[PDB]
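Summary of structural features
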Amino acid sequence: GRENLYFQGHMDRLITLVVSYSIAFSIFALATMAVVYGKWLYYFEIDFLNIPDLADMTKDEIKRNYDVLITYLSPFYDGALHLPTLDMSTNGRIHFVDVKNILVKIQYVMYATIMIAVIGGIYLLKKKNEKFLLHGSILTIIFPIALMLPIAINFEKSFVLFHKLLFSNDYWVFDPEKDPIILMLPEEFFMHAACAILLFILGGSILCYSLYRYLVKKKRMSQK
Ligand SMILES: CCCCCCCC/C=C\CCCCCCCC(=O)OC[C@H](O)CO
Ligand SMILES: CCCCCCCC/C=C\CCCCCCCC(=O)OC[C@H](O)CO
Ligand SMILES: CCCCCCCC/C=C\CCCCCCCC(=O)OC[C@H](O)CO
Ligand SMILES: CCCCCCCC/C=C\CCCCCCCC(=O)OC[C@H](O)CO
Ligand SMILES: CCCCCCCC/C=C\CCCCCCCC(=O)OC[C@H](O)CO
């Protein structure tokens, strides 16, 4: 009676897979947005990395320019980028537009994946299937560990290839005399920022496994 069973139960396995990656991407996307728009890390870094001596600016000047930049990167802001006290080139202006376009598009996919995760997740949970949580947690821990290595071994070369991968021009190659903002965006900050994203993704993996372990515990205790 098993002979007709090779062709069976394909649909729900697909939904779990789609939901698994949507949760994965959603966590990655939320982690990125948390770091890009959260000013606590950079505010800490101004003093810790001594950015005032790197940039030859005061602590409030650095915050003023950084605030204007982060506001510009918001999807709800439609004006152009105009730094309060720093010079900027045409190509530099074009680079920050590219950055904003990346952030907007990631947010758009993120909205789709969050709704696939929620709707697909309610469907599977109402089937008493909490497996998308396990698979989702697996993807969220493999991804940061896999990228930990290029950050640790050679962060600087990873930075250049990351840029060569995401951007289609060389405008990301800032000249401090034409785009002085680069002085107050030191590479060590980007490394802390990159490490911050992975930690949030890692934290997301913990939260998913923990909810998976809770639901499994409920069914086995439901037996008892
Ligand atoms: C189970 C999945 C868990 C997902 C959690 C993975 C880690 C992501 C961290 C935070 C996400 C929620 C925080 C809100 C996300 C957007 C943050 C933001 O927009 O920053 C605004 C800024 O604080 C204004 O100054
Ligand atoms: C339509 C259905 C959607 C359902 C799913 C929605 C869940 C939203 C979760 C996080 C929002 C993250 C959005 C990131 C936008 C950040 C904007 C921002 O924080 O602006 C900061 C400002 O620039 C500082 O001055
Ligand atoms: C239509 C859907 C097409 C898009 C498909 C999904 C989007 C994933 C793309 C890139 C992920 C990389 C995430 C990196 C987010 C931050 C990168 C960044 O902004 O770089 C800053 C740098 O300092 C500037 O020079
Ligand atoms: C203090 C330095 C911080 C860096 C280290 C932070 C901890 C790493 C996060 C999770 C590891 C495992 C703990 C919880 C398990 C969740 C990860 C997971 O999804 O593992 C699934 C596994 O396959 C099912 O056995
Ligand atoms: C190791 C390869 C990946 C390394 C990259 C991961 C870190 C980027 C993520 C968040 C940055 C948050 C700060 C956002 C500040 C604006 C980004 C920006 O436009 O920076 C200009 C750039 O430095 C012109 O070269």
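This text gives an overview of the structure that appears in the document. (Residues numbered from 1 in each chain as written, not as in the entry; some residues may be left out. Chains lettered and ligands numbered in written order. Heavy atoms only, no water.)

Here's the deal with the site of ligand 5
For clarity, the threshold we go by: Here a residue is considered near a molecule or strand provided that any single heavy atom belonging to it is located within 4 Å of it. Definition of a polar contact: a pair of N or O atoms within 3.5 Å, with one able to donate and the other able to accept a hydrogen when the atoms are protein atoms, and with sequence-neighbouring residues admitted only if both atoms are side-chain atoms. Put simply, the grid is 1 Å and covers the protein atoms alone, a cavity is a trapped set of points that fit a 1.4 Å probe, a pocket is an open set with protein on both sides within 12 Å along at least five of seven lines, and lining residues have an atom within 4 Å of a point. Grid points define the cavity or pocket, and a molecule sits in it when more than half of its atoms lie within 2 Å of them. In this description a helix means any DSSP run of H or I spanning at least four residues, a strand means any run of E spanning at least two, and both kinds are numbered starting from the N terminus. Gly falls in the polar group here, along with every residue not listed as nonpolar (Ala, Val, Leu, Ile, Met, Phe, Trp, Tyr, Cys, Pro) or charged (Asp, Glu, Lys, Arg).
Looking at ligand 5, there are 15 residues lining it, with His95, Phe96, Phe155, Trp172 and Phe190 nearest. Within the backbone of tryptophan 172, a nitrogen or oxygen atom sits 3.0 Å from an oxygen atom of ligand 5. If you map ligand 5 onto the pockets, it falls in the largest pocket. Elements that contribute at least two residues to the shell around ligand 5 include exactly α5 (90-125), α7 (155-166) and α8 (187-223). In terms of residue class, the shell around ligand 5 is made up of 13 nonpolar, two polar and no charged.

Considering the site of ligand 1
Applied cut-off: Computed with a 1.4 Å probe, the accessible areas rest on the Shrake-Rupley method; for each residue, only the protein chains presented here act as cover.
Within the structure, ligand 1 sits among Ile27, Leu30, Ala31, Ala34, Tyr37 and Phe200. When ligand 1 sits alone it has 680 Å² of accessible area, and the protein chains cover 49% of it. A total of five residues in the shell around ligand 1 trace back to one element, the largest contributor, which is helix α1 (residues 10-37). Here the shell around ligand 1 is built from residues that sort into six nonpolar, no polar and no charged.

With respect to the nonpolar core
Nonpolar side chains in soluble globular proteins tend to be buried together. The condition is simple: Nonpolar cores were defined as sets of buried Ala, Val, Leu, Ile, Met, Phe, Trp, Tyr and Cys residues, with membership established by side-chain atoms within 4.5 Å. Relative accessibility decides the category of a residue: with a 1.4 Å probe and only protein chains considered, values under 20% of the type maximum give buried, values over 50% give exposed, and everything between is partly exposed. Two residues qualify as a contact provided that any one of their heavy atoms is within 4.5 Å of a heavy atom in the partner residue.
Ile23, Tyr42, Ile51, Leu81, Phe96, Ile181 and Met184 are the most contacted members of the largest nonpolar core, which totals 49 residues. Counting residues per element, the ones that place at least two in this core are α1, α2 (40-48), α3 (51-55), α4 (59-72), α5, α6 (131-153) and α8. With nine residues, α8 is the single largest residue contributor to this core. Setting aside residues up to four positions removed in sequence, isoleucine 51 forms contacts with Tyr42, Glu45, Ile46, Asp56, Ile62, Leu183, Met184 and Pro186.

Section: the layout of surface pockets
Stated precisely, the cut-off is as follows: Grid points are joined across faces, edges and corners, and a volume is the space filled by probe spheres set on the points.
Estimated volume of the largest pocket: approximately 1400 Å³. Lining the largest pocket are 39 residues, and of these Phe159, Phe162, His163, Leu166 and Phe190 sit closest to its centre. Looking at the lining of the largest pocket, the elements with two or more residues in it are α1, α4, α5, α6, α7 and α8. Per-element tally for the lining of the largest pocket: the top contributor is α7, with eight residues. Looking at the lining of the largest pocket residue by residue, the classes come out as 35 nonpolar, four polar and no charged.

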